[PDB]
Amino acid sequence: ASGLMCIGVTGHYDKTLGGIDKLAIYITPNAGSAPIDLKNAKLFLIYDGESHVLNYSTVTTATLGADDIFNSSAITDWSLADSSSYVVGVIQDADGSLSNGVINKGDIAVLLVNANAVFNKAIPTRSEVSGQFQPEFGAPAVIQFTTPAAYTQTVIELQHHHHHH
C-alpha cells in the first residue's frame, strides 16, 4: 500500500491582487511506500464552483534549502505554473530520484501552483479549497483548507501538518 501524504500547504499573499495568488503543496510518501512516479500524477482542486485538473509541467532543484519558494527571480520555473499545470520543487531528496520525477522514501517535494492563473483571480479571505494529488499508482495526498479571514503577511500557513519542509 504505497501512497502520498500532504504535509502542509502555504500560500503567497499579494496585496495588490487582494488575495492568495500562489500555493505551495508539500508532499512526502506514506511511511513504507514503494517508489512512486510523479510524472503522470494529477492534481485536482475544487474552488468557487469549479473543479480543475493540473498536470506535471517539470521539476526544479532551485527550491532546495530555500526559505522563499514563491520568488520567480530565484525560481524562474514559476513561469511554467500556468492555468493547467503544476511545477515540482525538490525540498529533500538524498538519492536524486525527484530529478527523474520519482519520489521515494524520505523525499519531500513541493507542488508549485499559480492560483491566480488556475482560478483566474487571487483567492480571497475565508475561501474553501479542496483537492487530491493522485499519481497513477497508489493512494493520494489530500488537500483541505479554508483561507484565513485576514491576510497579515506575505507567506501564509494554510494547512498545517507536523512533518518538516
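All residue numbers are counted from 1 along the displayed sequence.
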As stated in the PDB record, which stretch has the larger average Cα B-factor, 127-135 or 56-64?
-> 56-64
139-147 versus 152-160: which one carries the higher mean Cα B factor per the record?
-> 152-160
Lowest, middle or highest third - CA B-factor, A74 | middle
Once the chain's modelled residues are ordered by C-alpha B factor and cut into thirds, is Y47 in the lowest, middle or highest one?
-> middle
Is the Cα B-factor recorded for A81 in the lowest, middle or highest third of its chain?
-> highest
Could you look up the Cα B-factor of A122 in the entry and say which third of the chain it sits in: lowest, middle or highest?
-> middle
Among the chain's modelled residues, which third holds the C-alpha B-factor of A94?
-> highest
